[PDB]
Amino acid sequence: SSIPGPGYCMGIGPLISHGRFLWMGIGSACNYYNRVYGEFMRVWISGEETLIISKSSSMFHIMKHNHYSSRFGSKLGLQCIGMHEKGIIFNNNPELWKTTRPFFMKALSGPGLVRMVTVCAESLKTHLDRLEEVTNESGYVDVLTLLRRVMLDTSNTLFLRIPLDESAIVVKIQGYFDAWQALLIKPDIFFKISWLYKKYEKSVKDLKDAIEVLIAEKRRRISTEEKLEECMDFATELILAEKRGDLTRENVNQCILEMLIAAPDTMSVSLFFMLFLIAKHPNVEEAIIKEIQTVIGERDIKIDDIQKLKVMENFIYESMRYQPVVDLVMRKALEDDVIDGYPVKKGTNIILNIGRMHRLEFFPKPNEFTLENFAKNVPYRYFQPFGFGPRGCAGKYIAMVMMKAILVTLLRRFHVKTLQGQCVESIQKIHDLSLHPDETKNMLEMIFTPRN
């Protein structure tokens, strides 16, 4: 088949579509273009043709095969934030990506995934005892902030473990994300007029310089170390690889950054949304609390419990299905291929619209939040919240551990009330790189009233 999508009006087609992406934001533009044209269609971002695709079949082919193991985005933008051929998240050099990824993969599985379950619990506990740090006079908790801080403290104590300023680094991480989101698909024109992006350049410097301090200390501690054998972790694994010659200081420093931001960026927003669903779905809240009593009682959360928490597992999956945070995934073709019906040349950008896909394909009641959607074992080829295959989410397994850990230890101790009528549906969202609340609005706080 020939490809659906708007006309190439002697080079005005490309201009409107890119501009539409800039105006609407990536995610809403993907949804616009999927709803107007097919569930498989073509658009342009900068010059290059970018396929925006919600068909499960296409998605599955793409993530399965090794010749889509790349992403895309402004070279000048990625250079600006330091992800150009450097980290893994948007590191599009195939070979350099290939050598860096395994470090992350080791750190996010095996023993580190078991350690996580208690690290995550103790970090939330410690923050719930310091709830004055994040609560109003009116008793309104700034959940988003709370979550970001525990996500950071968790990430630090597992992957780096150098003392740091949670409160400050969290703010800087938000700054970095904003920049990342801003510059990812800006046309080169934008970077010439340089009183238009110095704003962001400084947010990046703030975070990058804050982490240099920490990695510098981490470097110091490693050199003057007794049992180097015993106390291994992500940051160290990398630093020793540099100390061989496997990695570059610049690259190390970006990986350590990329590991620290990952959870604060995405987990915190997901759990936030999950908390607003628990608030407005008391039917489900009871089921979860019953399960916690049955399975855990008043014992500390432990790795062996997490498989048993089958209801909460389904709650999480359904929350990510209904109200995703990461609803779209950017890939790129590295070899030519036919994909379902259509031909896809190499160098072709791809945006998999997984959020739309989760409402069009497999589920019984796609457009409403129900655990009936996960009442029968869902095949992984109809529901990819993390993606899969050679470039799927490195955190996918540990992420589920962390989300169960924090929801248990929070809901164990507190009923959660949402202010006013507010629910996830009524929250005003930005829908650009990810799907997250608009924080210039308010009524995003919650109220935490005890149990027992």
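The first residue of the shown sequence is 1; numbering continues from there.
When the C-alpha B-factors of 296-304 and 349-357 are averaged, 296-304 comes out higher. Mean CA B-factor, 340-348 versus 235-243: the higher value falls on 340-348. Note on the listed residues 85, 258, 372, 132: the highest Cα temperature factor in the record is that of 372.
The residue among 104, 176, 72, 363 whose C-alpha carries the highest B-factor in the deposited model is 363. Per-chain ranking of the deposited C-alpha B factor places residue 118 in the middle third. Residue 27: CA B factor in the middle third of modelled residues in this chain (values from the PDB entry). Among all modelled residues in its chain, residue 380 ranks in the middle third by Cα B-factor. Among the modelled residues of its chain, residue 310 has a C-alpha B-factor that falls in the highest third, as given in the PDB entry. Residue-level temperature factors show residue 394 in the lowest third of its chain, judged at the C-alpha atom.
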